[PDB]
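Shown below: target29.txt, with compact mmCIF, C-alpha atoms and all ligand atoms.
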```
# COMPACT_ATOMS: atom_id res chain seq x y z
CA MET E 258 -150.32 -215.88 1.96
CA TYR E 259 -151.61 -219.02 3.69
CA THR E 260 -151.12 -222.64 2.59
CA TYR E 261 -152.98 -225.84 3.45
CA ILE E 262 -152.67 -229.55 2.56
CA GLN E 263 -154.94 -230.77 -0.23
CA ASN E 264 -154.81 -234.45 -1.32
CA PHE E 265 -154.23 -235.42 -4.97
CA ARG E 266 -154.14 -238.85 -6.66
CA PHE E 267 -150.89 -239.80 -8.41
CA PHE E 268 -150.55 -242.87 -10.63
CA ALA E 269 -147.05 -244.22 -11.18
CA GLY E 270 -146.41 -246.91 -13.81
CA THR E 271 -143.32 -248.78 -14.99
CA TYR E 272 -143.15 -251.14 -18.02
CA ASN E 273 -140.15 -252.80 -19.68
CA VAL E 274 -141.48 -253.30 -23.22
CA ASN E 275 -138.63 -255.43 -24.61
CA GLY E 276 -138.12 -253.29 -27.73
CA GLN E 277 -141.65 -253.88 -29.03
CA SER E 278 -144.23 -251.57 -30.54
CA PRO E 279 -147.47 -251.35 -28.54
CA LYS E 280 -150.01 -254.02 -29.64
CA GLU E 281 -152.54 -253.91 -26.78
CA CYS E 282 -154.86 -251.29 -25.32
CA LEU E 283 -153.13 -249.83 -22.24
CA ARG E 284 -156.33 -249.27 -20.20
CA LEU E 285 -155.62 -252.64 -18.58
CA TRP E 286 -152.54 -250.92 -17.13
CA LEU E 287 -153.41 -247.24 -16.82
CA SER E 288 -157.14 -247.13 -15.98
CA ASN E 289 -158.30 -250.60 -14.97
CA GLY E 290 -161.11 -250.14 -12.45
CA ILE E 291 -159.66 -247.06 -10.71
CA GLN E 292 -160.77 -243.48 -10.06
CA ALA E 293 -159.43 -240.89 -12.50
CA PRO E 294 -155.97 -239.92 -11.24
CA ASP E 295 -155.02 -236.25 -10.89
CA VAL E 296 -151.47 -236.92 -12.08
CA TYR E 297 -150.01 -239.68 -14.30
CA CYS E 298 -146.32 -240.60 -14.18
CA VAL E 299 -145.63 -243.29 -16.79
CA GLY E 300 -142.22 -244.88 -17.36
CA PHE E 301 -140.80 -247.33 -19.86
CA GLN E 302 -137.63 -249.26 -20.36
CA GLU E 303 -136.32 -250.81 -23.56
CA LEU E 304 -138.54 -248.68 -25.78
CA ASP E 305 -136.14 -249.34 -28.71
CA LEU E 306 -133.32 -251.91 -28.69
CA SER E 307 -131.83 -250.86 -32.07
CA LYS E 308 -128.24 -249.75 -32.66
CA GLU E 309 -129.61 -246.50 -34.12
CA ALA E 310 -131.42 -245.66 -30.84
CA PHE E 311 -128.29 -246.61 -28.88
CA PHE E 312 -126.34 -243.90 -30.79
CA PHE E 313 -129.03 -241.41 -29.75
CA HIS E 314 -131.15 -241.11 -32.90
CA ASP E 315 -134.85 -240.30 -32.84
CA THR E 316 -137.13 -243.35 -32.86
CA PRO E 317 -140.74 -243.78 -33.95
CA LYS E 318 -141.17 -245.89 -30.78
CA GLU E 319 -141.37 -242.63 -28.81
CA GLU E 320 -144.57 -241.43 -30.52
CA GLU E 321 -146.06 -244.98 -30.80
CA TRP E 322 -145.85 -245.54 -27.03
CA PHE E 323 -146.76 -241.94 -26.15
CA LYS E 324 -149.94 -242.23 -28.27
CA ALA E 325 -150.71 -245.60 -26.66
CA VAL E 326 -150.42 -244.13 -23.12
CA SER E 327 -152.53 -241.13 -24.08
CA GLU E 328 -155.31 -243.48 -25.31
CA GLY E 329 -155.13 -245.60 -22.14
CA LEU E 330 -155.50 -242.78 -19.62
CA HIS E 331 -158.73 -242.61 -17.62
CA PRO E 332 -161.66 -241.59 -19.88
CA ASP E 333 -163.34 -239.20 -17.36
CA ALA E 334 -160.72 -236.44 -17.59
CA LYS E 335 -158.94 -234.59 -20.32
CA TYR E 336 -155.24 -234.98 -19.48
CA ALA E 337 -152.64 -232.33 -20.38
CA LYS E 338 -149.24 -233.53 -21.54
CA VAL E 339 -146.77 -231.80 -19.22
CA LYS E 340 -143.43 -233.35 -20.14
CA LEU E 341 -141.72 -236.18 -22.00
CA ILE E 342 -138.07 -237.18 -21.53
CA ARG E 343 -136.19 -240.06 -23.11
CA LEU E 344 -132.65 -241.46 -23.10
CA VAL E 345 -132.44 -244.32 -25.67
CA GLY E 346 -135.06 -246.78 -24.36
CA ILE E 347 -135.74 -245.07 -21.01
CA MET E 348 -138.78 -242.77 -21.30
CA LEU E 349 -140.82 -240.92 -18.69
CA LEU E 350 -144.15 -239.12 -19.33
CA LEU E 351 -145.91 -236.66 -17.03
CA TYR E 352 -149.61 -235.77 -17.52
CA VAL E 353 -151.98 -233.79 -15.25
CA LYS E 354 -155.77 -233.33 -15.48
CA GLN E 355 -156.43 -230.19 -17.55
CA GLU E 356 -157.98 -228.34 -14.57
CA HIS E 357 -154.69 -228.75 -12.61
CA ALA E 358 -152.30 -227.69 -15.43
CA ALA E 359 -152.22 -223.96 -14.50
CA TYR E 360 -150.70 -224.93 -11.12
CA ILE E 361 -147.73 -226.77 -12.65
CA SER E 362 -144.50 -224.73 -12.83
CA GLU E 363 -140.68 -225.12 -12.95
CA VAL E 364 -140.74 -228.23 -15.14
CA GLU E 365 -137.23 -229.55 -15.72
CA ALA E 366 -136.11 -232.91 -17.16
CA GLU E 367 -132.68 -234.56 -17.29
CA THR E 368 -130.98 -237.92 -18.03
CA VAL E 369 -127.93 -239.87 -16.81
CA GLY E 370 -126.50 -242.82 -18.77
CA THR E 371 -124.81 -245.52 -16.67
CA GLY E 372 -124.45 -248.33 -19.23
CA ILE E 373 -121.57 -248.98 -21.63
CA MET E 374 -118.33 -247.42 -20.33
CA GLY E 375 -120.36 -246.09 -17.41
CA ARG E 376 -121.87 -243.42 -19.70
CA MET E 377 -124.01 -244.81 -22.54
CA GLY E 378 -127.82 -244.96 -22.40
CA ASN E 379 -128.47 -248.71 -22.62
CA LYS E 380 -128.95 -248.43 -18.83
CA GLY E 381 -129.31 -245.35 -16.58
CA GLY E 382 -132.08 -242.99 -15.49
CA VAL E 383 -134.32 -240.13 -16.62
CA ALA E 384 -136.23 -237.70 -14.40
CA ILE E 385 -138.85 -234.96 -14.55
CA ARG E 386 -139.03 -232.51 -11.63
CA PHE E 387 -141.68 -229.86 -11.15
CA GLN E 388 -143.68 -227.77 -8.73
CA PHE E 389 -147.37 -228.50 -8.23
CA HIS E 390 -148.92 -225.60 -6.33
CA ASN E 391 -146.21 -225.03 -3.64
CA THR E 392 -144.95 -228.65 -3.44
CA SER E 393 -141.80 -229.78 -5.24
CA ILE E 394 -141.89 -233.24 -6.87
CA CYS E 395 -139.24 -235.35 -8.63
CA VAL E 396 -140.10 -238.50 -10.56
CA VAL E 397 -137.22 -240.79 -11.56
CA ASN E 398 -137.33 -243.73 -14.05
CA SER E 399 -134.27 -246.02 -13.96
CA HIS E 400 -133.10 -249.08 -15.83
CA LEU E 401 -130.30 -250.60 -13.73
CA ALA E 402 -127.77 -253.34 -14.67
CA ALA E 403 -129.01 -256.83 -15.53
CA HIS E 404 -128.18 -260.32 -14.14
CA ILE E 405 -128.27 -261.93 -10.63
CA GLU E 406 -124.57 -261.43 -10.00
CA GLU E 407 -124.34 -257.69 -10.87
CA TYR E 408 -126.02 -256.31 -7.72
CA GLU E 409 -123.02 -254.12 -6.88
CA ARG E 410 -123.27 -252.49 -10.31
CA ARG E 411 -126.97 -251.82 -9.73
CA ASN E 412 -126.08 -250.17 -6.43
CA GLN E 413 -123.48 -248.09 -8.26
CA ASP E 414 -125.92 -247.20 -11.07
CA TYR E 415 -128.29 -245.87 -8.41
CA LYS E 416 -125.53 -243.85 -6.72
CA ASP E 417 -124.40 -242.50 -10.13
CA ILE E 418 -127.90 -241.33 -11.09
CA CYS E 419 -128.21 -239.62 -7.67
CA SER E 420 -124.85 -237.78 -7.87
CA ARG E 421 -124.92 -236.79 -11.56
CA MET E 422 -128.59 -235.80 -12.02
CA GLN E 423 -128.73 -231.98 -11.75
CA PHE E 424 -131.68 -229.74 -12.66
CA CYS E 425 -131.70 -226.07 -13.67
CA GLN E 426 -133.09 -223.57 -11.22
CA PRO E 427 -134.39 -219.96 -11.35
CA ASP E 428 -131.61 -218.77 -8.95
CA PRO E 429 -127.95 -219.14 -10.17
CA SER E 430 -126.66 -218.18 -6.67
CA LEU E 431 -127.75 -221.56 -5.30
CA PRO E 432 -126.26 -225.02 -6.02
CA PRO E 433 -128.24 -226.89 -8.73
CA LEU E 434 -131.21 -229.09 -7.75
CA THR E 435 -130.52 -232.75 -7.13
CA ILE E 436 -133.15 -235.53 -6.90
CA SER E 437 -133.07 -235.45 -3.08
CA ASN E 438 -133.98 -231.73 -2.83
CA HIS E 439 -137.72 -232.32 -3.37
CA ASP E 440 -140.72 -232.63 -1.05
CA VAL E 441 -141.89 -235.72 -2.91
CA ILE E 442 -139.77 -238.28 -4.75
CA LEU E 443 -141.28 -241.19 -6.71
CA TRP E 444 -138.72 -243.61 -8.09
CA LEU E 445 -139.80 -246.33 -10.51
CA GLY E 446 -138.18 -248.60 -13.05
CA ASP E 447 -136.77 -251.96 -14.03
CA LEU E 448 -134.38 -251.96 -11.11
CA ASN E 449 -133.34 -255.52 -12.11
CA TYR E 450 -132.76 -256.91 -8.63
CA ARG E 451 -133.23 -260.68 -8.45
CA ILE E 452 -133.77 -263.52 -5.94
CA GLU E 453 -130.53 -264.59 -4.16
CA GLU E 454 -129.61 -268.16 -3.15
CA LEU E 455 -132.75 -270.13 -4.17
CA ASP E 456 -132.66 -272.25 -7.35
CA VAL E 457 -134.99 -271.66 -10.27
CA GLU E 458 -137.27 -274.59 -9.36
CA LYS E 459 -137.65 -273.47 -5.73
CA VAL E 460 -138.44 -269.89 -6.87
CA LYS E 461 -141.16 -271.13 -9.26
CA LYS E 462 -142.63 -273.43 -6.57
CA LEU E 463 -142.90 -270.61 -3.99
CA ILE E 464 -144.75 -268.57 -6.67
CA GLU E 465 -147.21 -271.39 -7.42
CA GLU E 466 -147.76 -271.60 -3.67
CA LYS E 467 -148.19 -267.78 -3.58
CA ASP E 468 -145.67 -267.56 -0.69
CA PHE E 469 -144.48 -264.05 -1.60
CA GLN E 470 -143.33 -263.19 1.96
CA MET E 471 -140.83 -266.08 1.82
CA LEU E 472 -139.65 -265.38 -1.73
CA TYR E 473 -139.28 -261.70 -0.67
CA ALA E 474 -136.85 -262.65 2.13
CA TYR E 475 -134.38 -263.51 -0.67
CA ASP E 476 -134.99 -260.40 -2.81
CA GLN E 477 -131.80 -258.46 -3.51
CA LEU E 478 -133.40 -255.01 -3.30
CA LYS E 479 -134.80 -255.80 0.18
CA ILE E 480 -131.35 -256.98 1.30
CA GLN E 481 -129.52 -253.98 -0.21
CA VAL E 482 -132.03 -251.54 1.33
CA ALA E 483 -131.52 -253.19 4.75
CA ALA E 484 -127.72 -252.85 4.32
CA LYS E 485 -128.21 -249.15 3.42
CA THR E 486 -126.31 -249.36 0.11
CA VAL E 487 -129.29 -247.99 -1.94
CA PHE E 488 -132.63 -246.18 -1.63
CA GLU E 489 -131.82 -244.67 1.75
CA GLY E 490 -135.05 -243.32 3.33
CA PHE E 491 -137.32 -244.69 0.58
CA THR E 492 -140.27 -246.96 1.22
CA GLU E 493 -141.61 -249.77 -0.96
CA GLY E 494 -145.06 -251.26 -0.48
CA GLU E 495 -145.60 -254.95 0.17
CA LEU E 496 -145.18 -257.12 -2.91
CA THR E 497 -148.46 -259.08 -3.26
CA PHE E 498 -148.21 -259.79 -6.99
CA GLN E 499 -146.02 -262.44 -8.58
CA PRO E 500 -142.66 -261.64 -10.19
CA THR E 501 -142.98 -259.57 -13.35
CA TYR E 502 -140.11 -261.17 -15.25
CA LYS E 503 -139.37 -263.28 -17.28
CA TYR E 504 -142.20 -264.46 -19.52
CA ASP E 505 -142.44 -265.84 -23.03
CA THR E 506 -143.79 -263.04 -25.22
CA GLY E 507 -147.54 -263.42 -25.89
CA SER E 508 -148.10 -265.57 -22.79
CA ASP E 509 -148.08 -265.92 -18.99
CA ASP E 510 -145.51 -268.75 -19.06
CA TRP E 511 -142.06 -268.46 -17.57
CA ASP E 512 -139.18 -268.11 -20.07
CA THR E 513 -138.86 -271.45 -21.95
CA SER E 514 -135.84 -270.35 -24.04
CA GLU E 515 -132.35 -271.82 -23.51
CA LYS E 516 -131.38 -269.21 -20.87
CA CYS E 517 -134.42 -270.38 -18.80
CA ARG E 518 -134.37 -267.32 -16.52
CA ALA E 519 -135.29 -267.39 -12.83
CA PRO E 520 -138.32 -265.18 -12.05
CA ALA E 521 -137.63 -261.83 -10.41
CA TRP E 522 -139.43 -258.73 -9.11
CA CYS E 523 -137.45 -256.58 -11.54
CA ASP E 524 -140.03 -253.84 -11.76
CA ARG E 525 -140.49 -251.69 -8.68
CA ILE E 526 -141.87 -248.38 -7.41
CA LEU E 527 -140.60 -246.63 -4.25
CA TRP E 528 -141.23 -243.26 -2.62
CA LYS E 529 -139.95 -240.66 -0.19
CA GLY E 530 -141.69 -237.63 1.32
CA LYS E 531 -144.29 -236.38 3.77
CA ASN E 532 -148.04 -236.86 3.37
CA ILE E 533 -147.82 -239.94 1.10
CA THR E 534 -150.13 -242.97 1.30
CA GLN E 535 -149.99 -245.94 -1.10
CA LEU E 536 -153.48 -247.11 -2.08
CA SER E 537 -152.32 -249.93 -4.40
CA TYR E 538 -149.32 -251.74 -5.80
CA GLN E 539 -150.05 -254.20 -8.61
CA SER E 540 -148.79 -255.91 -11.75
CA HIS E 541 -150.96 -256.35 -14.82
CA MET E 542 -150.76 -259.92 -16.14
CA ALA E 543 -153.22 -259.36 -19.00
CA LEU E 544 -150.65 -257.40 -21.04
CA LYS E 545 -148.47 -259.79 -23.02
CA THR E 546 -146.59 -257.68 -25.58
CA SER E 547 -143.41 -258.01 -23.48
CA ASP E 548 -141.38 -260.48 -21.51
CA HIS E 549 -142.08 -258.20 -18.50
CA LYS E 550 -145.47 -257.36 -17.04
CA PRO E 551 -146.23 -253.68 -16.26
CA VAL E 552 -146.42 -252.45 -12.66
CA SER E 553 -148.53 -249.66 -11.17
CA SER E 554 -149.11 -247.81 -7.91
CA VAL E 555 -151.67 -245.22 -6.93
CA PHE E 556 -150.82 -242.76 -4.15
CA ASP E 557 -152.70 -240.10 -2.19
CA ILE E 558 -150.27 -237.23 -1.86
CA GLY E 559 -150.78 -234.13 0.27
CA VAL E 560 -149.88 -231.01 -1.69
CA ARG E 561 -149.38 -227.47 -0.32
CA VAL E 562 -152.09 -225.31 -1.87
CA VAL E 563 -152.47 -221.56 -1.48
CA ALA E 564 -155.70 -220.56 0.26
CA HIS E 565 -157.78 -218.03 -1.76
CA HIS E 566 -157.96 -214.58 -0.11
CA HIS E 567 -161.35 -212.79 -0.18
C1 LIG N 1 -119.37 -246.67 -27.21
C2 LIG N 1 -119.62 -247.76 -28.23
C3 LIG N 1 -119.45 -249.16 -27.64
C4 LIG N 1 -120.41 -250.18 -28.26
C5 LIG N 1 -120.30 -251.54 -27.56
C6 LIG N 1 -121.51 -252.46 -27.79
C7 LIG N 1 -122.35 -252.65 -26.52
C8 LIG N 1 -123.19 -253.91 -26.53
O1 LIG N 1 -123.05 -254.80 -27.36
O2 LIG N 1 -124.21 -254.13 -25.52
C9 LIG N 1 -125.13 -253.08 -25.25
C10 LIG N 1 -126.43 -253.66 -24.75
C11 LIG N 1 -126.18 -254.85 -23.83
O3 LIG N 1 -127.35 -255.11 -23.07
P1 LIG N 1 -127.61 -254.57 -21.56
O4 LIG N 1 -127.85 -253.08 -21.54
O5 LIG N 1 -126.60 -255.17 -20.62
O6 LIG N 1 -129.09 -255.21 -21.39
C12 LIG N 1 -129.51 -256.43 -20.79
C13 LIG N 1 -129.00 -257.67 -21.52
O7 LIG N 1 -129.27 -257.61 -22.93
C14 LIG N 1 -129.63 -258.91 -20.85
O8 LIG N 1 -129.22 -260.10 -21.53
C15 LIG N 1 -131.17 -258.89 -20.78
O9 LIG N 1 -131.65 -259.82 -19.81
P2 LIG N 1 -132.32 -261.23 -20.26
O10 LIG N 1 -131.27 -261.82 -21.19
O11 LIG N 1 -132.50 -261.90 -18.92
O12 LIG N 1 -133.63 -260.82 -20.90
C16 LIG N 1 -131.77 -257.57 -20.33
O13 LIG N 1 -133.14 -257.53 -20.80
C17 LIG N 1 -131.03 -256.34 -20.85
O14 LIG N 1 -131.46 -255.22 -20.08
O15 LIG N 1 -127.19 -254.02 -25.90
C18 LIG N 1 -127.99 -252.93 -26.46
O16 LIG N 1 -128.18 -251.92 -25.80
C19 LIG N 1 -128.57 -253.06 -27.85
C20 LIG N 1 -127.95 -252.00 -28.77
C21 LIG N 1 -126.44 -252.19 -28.94
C22 LIG N 1 -126.00 -251.83 -30.36
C23 LIG N 1 -124.49 -251.67 -30.52
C24 LIG N 1 -123.88 -252.78 -31.37
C25 LIG N 1 -122.46 -252.44 -31.76
CL CL N 2 -154.48 -257.10 -15.62
MG MG N 3 -135.22 -257.32 -23.00
```
Please render this file's structure as structure tokens.
Amino acid sequence: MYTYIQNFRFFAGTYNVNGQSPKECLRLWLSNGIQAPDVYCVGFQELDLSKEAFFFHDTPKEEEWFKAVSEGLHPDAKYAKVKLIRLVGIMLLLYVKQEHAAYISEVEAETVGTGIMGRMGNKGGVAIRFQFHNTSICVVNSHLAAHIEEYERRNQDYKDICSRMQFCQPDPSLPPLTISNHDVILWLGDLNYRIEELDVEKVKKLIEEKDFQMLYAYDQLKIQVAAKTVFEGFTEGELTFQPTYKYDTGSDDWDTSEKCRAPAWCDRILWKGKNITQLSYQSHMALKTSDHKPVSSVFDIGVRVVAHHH
């Protein structure tokens, strides 16, 4: 057989929904003035903040948000639901245009909790891996530890998801699949990294000034990536949108509660692999159900397709 590179459009979305049910149309996130994607990868955090969900019960939030995503996908294509995976409030959905579904195989999904006692699902990651034509792809959705001062725990949460996440395989001879053994890796989530050093007032001023390059020099993820403690070999696109946390629900105002939180680029998308180009990296201010804003990225990804023999 012969293979060649064919480009496909992948949308990746992350949204911390602060335990709410969906109240708004999700087109503003999922299909807001873009071409119909070939593949949709849509991730949530804090789908359900209840004690019942914490002890691993089913939640109606799963279907509510799944239906809401399905209704917000681009109207020009019928999308096939490939896979859903959830651990407590961390949920990842994979859809492909119907015409591409026959070329999806080896779908596996797994979860790793890294929250309470290093094991519960209040924080952690979920992942769907699959083969599209002859290219292997792993999409990870993580919710890492909160708070400015817990950066080391975030680093450790990342390492723990990487070491413990194992996928089934067709061959039991071989060692199980890890996240890193894929041609393409897309990692998204509420990674929860904050702005070091600067005080809340200085952070908010820089944002009003739109000096994102300067604010970014103090971003914990940037610093940790430079120090090689996390996301080794991954790329993130330039942040040109304002911090996505923390807002008063129903508004675009910064948190006016007692905790008065410092803004942060909590919500991030990164990637690793050959033949990837980022076409966009954006937040979506118009959605106000949550104290976070959703984030999206569209990629052109080269996929190995089998040439037809005649
Ligand atoms: C093995 C059994 C042991 C049980 C021990 C009980 C465990 C417990 O109390 O905390 C569990 C978690 C604690 O939040 P945690 O994940 O750090 O989540 C973050 C914090 O709430 C943080 O304040 C907030 O930031 P903000 O403040 O900046 O917005 C972030 O949005 C959150 O991501 O709360 C939950 O997940 C909610 C469900 C817990 C129910 C259990 C009650 C007994
Ligand atoms: Cl918007
Ligand atoms: Mg919350």
Can you write out as a Markdown table which residues of chain E fall within 9 Å of ligand LIG 1 (chain N), alongside each residue's closest atom pair and its distance in Å to one decimal, counting all atoms listed in the file and ordering rows by chain and ascending residue number?
```
| residue | atom | partner | partner_atom | distance |
| --- | --- | --- | --- | --- |
| E:273 | CA | N:LIG1 | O13 | 8.5 |
| E:275 | CA | N:LIG1 | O13 | 7.0 |
| E:302 | CA | N:LIG1 | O14 | 8.6 |
| E:303 | CA | N:LIG1 | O14 | 7.4 |
| E:305 | CA | N:LIG1 | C19 | 8.5 |
| E:306 | CA | N:LIG1 | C19 | 5.0 |
| E:307 | CA | N:LIG1 | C20 | 5.2 |
| E:308 | CA | N:LIG1 | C22 | 3.8 |
| E:309 | CA | N:LIG1 | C22 | 7.5 |
| E:310 | CA | N:LIG1 | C20 | 7.5 |
| E:311 | CA | N:LIG1 | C20 | 5.4 |
| E:312 | CA | N:LIG1 | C22 | 7.9 |
| E:345 | CA | N:LIG1 | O16 | 8.7 |
| E:346 | CA | N:LIG1 | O16 | 8.7 |
| E:372 | CA | N:LIG1 | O4 | 6.3 |
| E:373 | CA | N:LIG1 | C7 | 6.2 |
| E:374 | CA | N:LIG1 | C1 | 7.0 |
| E:376 | CA | N:LIG1 | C1 | 8.6 |
| E:377 | CA | N:LIG1 | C1 | 6.8 |
| E:378 | CA | N:LIG1 | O16 | 7.8 |
| E:379 | CA | N:LIG1 | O16 | 4.5 |
| E:380 | CA | N:LIG1 | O4 | 5.5 |
| E:400 | CA | N:LIG1 | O14 | 7.6 |
| E:401 | CA | N:LIG1 | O14 | 7.9 |
| E:402 | CA | N:LIG1 | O5 | 6.3 |
| E:403 | CA | N:LIG1 | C12 | 5.3 |
| E:404 | CA | N:LIG1 | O11 | 6.6 |
| E:447 | CA | N:LIG1 | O14 | 8.7 |
| E:449 | CA | N:LIG1 | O14 | 8.2 |
| E:502 | CA | N:LIG1 | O11 | 8.5 |
| E:503 | CA | N:LIG1 | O11 | 7.2 |
| E:516 | CA | N:LIG1 | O10 | 7.4 |
| E:517 | CA | N:LIG1 | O11 | 8.7 |
| E:518 | CA | N:LIG1 | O11 | 6.2 |
| E:519 | CA | N:LIG1 | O11 | 8.7 |
| E:548 | CA | N:LIG1 | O12 | 7.8 |
```
Quiz item: Which residue out of E:555, E:282, E:544, E:443 has the minimum interatomic distance to ligand CL 2 (chain N) when all atoms listed in the file are used?
Solution: E:544
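By chain and then residue number, the residues within 8 Å of residue 434 (chain E) are residues 423, 424, 425 and 426 of chain E, counting all atoms listed in the file and disregarding those fewer than 6 positions away in sequence.
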Got time to write the residues from that selection, C-alpha atoms, as a short mmCIF file (atom, residue, chain, number, x, y, z; two decimals), in the coordinates of the input?
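Everything below was put into again.cif:
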```
data_model
loop_
_atom_site.label_atom_id
_atom_site.label_comp_id
_atom_site.auth_asym_id
_atom_site.auth_seq_id
_atom_site.Cartn_x
_atom_site.Cartn_y
_atom_site.Cartn_z
CA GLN E 423 -128.73 -231.98 -11.75
CA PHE E 424 -131.68 -229.74 -12.66
CA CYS E 425 -131.70 -226.07 -13.67
CA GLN E 426 -133.09 -223.57 -11.22
#
```
Quiz item: How would you write, as a PyMOL selection string, the set of residues no farther than 9 Å from ligand CL 2 (chain N) when counting all atoms listed in the file?
Solution: chain E and resi 285-286+289+539-544+551
Quiz item: Do you know which residues are at most 9 Å from region 319-331 of chain E counting only C-alpha atoms, after dropping those on the same chain fewer than 5 positions away, and could you put them as a ChimeraX atom specification?
Solution: /E:278-289,291-294,297,299,301,304-305,336,338,341,343,346,348,350,352
Practice problem: Pick out the residues sitting within 9 Å of residue 364 (chain E), and hand them over as a list in words; count all atoms listed in the file, and ignore anything fewer than 5 positions along from it in its own chain. | Solution: residues 339, 340, 385, 386, 387 and 388 of chain E
Quiz prompt | Contact residues around residue 480 (chain E) with all atoms listed in the file at 12 Å, ignoring same-chain residues under 5 positions, as a list in words | solution = residues 408, 412, 450, 451, 452, 453, 473, 474, 475, 485, 486, 487 and 488 of chain E
Quiz item: From the set E:528, E:261, E:268, E:504, which residue has the shortest atom-to-atom contact distance to ligand MG 3 (chain N), counting all atoms listed in the file?
Solution: E:504
Quiz prompt | Nearest residue to ligand MG 3 (chain N) from the set E:276, E:526, E:259, E:315 (distances using all atoms listed in the file) | solution = E:276
Quiz item: What would the list of residues within 10 Å of (-139.8, -266.5, -26.1) (file frame) look like as a list in words, if only C-alpha atoms are what count?
Solution: residues 503, 504, 505, 506, 507, 508, 510, 511, 512, 513, 514, 515, 517, 547 and 548 of chain E
Now that the selection is made, can you save its residues with C-alpha atoms as a compact mmCIF listing (two decimals), in the coordinates of the input?
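Saved the output as part_27.txt:
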```
# COMPACT_ATOMS: atom_id res chain seq x y z
CA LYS E 503 -139.37 -263.28 -17.28
CA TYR E 504 -142.20 -264.46 -19.52
CA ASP E 505 -142.44 -265.84 -23.03
CA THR E 506 -143.79 -263.04 -25.22
CA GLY E 507 -147.54 -263.42 -25.89
CA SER E 508 -148.10 -265.57 -22.79
CA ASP E 510 -145.51 -268.75 -19.06
CA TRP E 511 -142.06 -268.46 -17.57
CA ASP E 512 -139.18 -268.11 -20.07
CA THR E 513 -138.86 -271.45 -21.95
CA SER E 514 -135.84 -270.35 -24.04
CA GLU E 515 -132.35 -271.82 -23.51
CA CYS E 517 -134.42 -270.38 -18.80
CA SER E 547 -143.41 -258.01 -23.48
CA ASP E 548 -141.38 -260.48 -21.51
```
Quiz prompt | Nearest to ligand MG 3 (chain N) by atom-to-atom distance, counting all atoms listed in the file, from E:550, E:561, E:390, E:566 | solution = E:550
Self-check item: One-decimal distance in Å that lies between CA of residue 445 (chain E) and CA of residue 422 (chain E)
Solution: 15.5 Å
Quiz prompt | Computed interatomic separation between CA of residue 491 (chain E) and CA of residue 463 (chain E) (Å) | solution = 26.9 Å
Exercise. To one decimal in Å, tell me the separation between CA of residue 398 (chain E) and CA of residue 501 (chain E).
Key: 16.8 Å
Quiz item: Which of these, E:478, E:337, E:469, E:546, has the shortest distance to ligand MG 3 (chain N) once you count all atoms listed in the file?
Solution: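 Nearest candidate to ligand MG 3 (chain N) out of E:478, E:337, E:469, E:546: E:546.
With all atoms listed in the file as the atoms that count, the minimum distance from residue 549 (chain E) to the choices E:366, E:395, E:460, E:521 is reached by E:521.
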Quiz prompt | Spatial neighbours of residue 529 (chain E), 12 Å, only C-alpha atoms, chain gap at least 2 places, as a count of residues only | solution = 30
